[PDB]
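Colleague: Before anything else, here's the structure in question.
Residue numbers (the deposited numbering), protein chains in the order written: chain M, 1 to 83; chain G, 150 to 198.
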């Protein structure tokens with residue numbers, strides 16, 4: 001702010017002001033609020049809580065069976081070298 | 150300004166006036182502080198007709 005003498009800035013907005021209204025009042029709000037609809041315990045989703053496999057491992061079962069059977073052919077006898 | 154304006158002619162004139170507030174460029178006696186109010190100045194001019 002600058003004040004300049006001799007033209008000085010009025011020393012106030014004075015008493016000639018026009019009170020325009022008495023509408024100043026905010027009427028307090030008084031209220032009762034009830035949000036009470038029956039609630040049912042459940043919601044349907046496509047899927048909740050699953051941690052789906054991105055790849056599975058290979059998996060398997062097992063079997064064996066049979067017996068011990070055989071047809072054989074042997075090497076001929078040979079002269080013994082030494083000993 | 151043309152010394153004479155003959156019948157049917159149009160003359161062109163130029164005039165300058167200095168309206169002083171301050172006495173001179175170095176003597177500010179009479180100068181006006183105008184940055185101190187919103188109140189307006191009035192420079193009234195009445196021209197020839």
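Cβ atoms here follow ideal geometry from the backbone N, Cα and C, with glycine treated the same way.
Quick check: the segment 6-25 of chain M against the segment 174-192 of chain G, are at least 3 beta-carbon pairs closer than 8 Å?
Modeller: Yes: the two stretches touch, three or more of their Cβ pairs being nearer than 8 Å.
Colleague: 8 Å is my cut-off, CB to CB: does residue 177(G) come that close to chain M?
Modeller: Counted from its first residue, the second chain places residue 177(G) at position 28. No, residue 177(G) lies away from the interface with chain M (no Cβ there is under 8 Å from its Cβ).
Colleague: Residue 4(M) CB to nearest chain G CB: under 8 Å?
Modeller: Looking up residue 4(M) in the first chain gives position 4. Taking Cβ atoms only, chain G reaches closer than 8 Å to residue 4(M), which makes this a yes.
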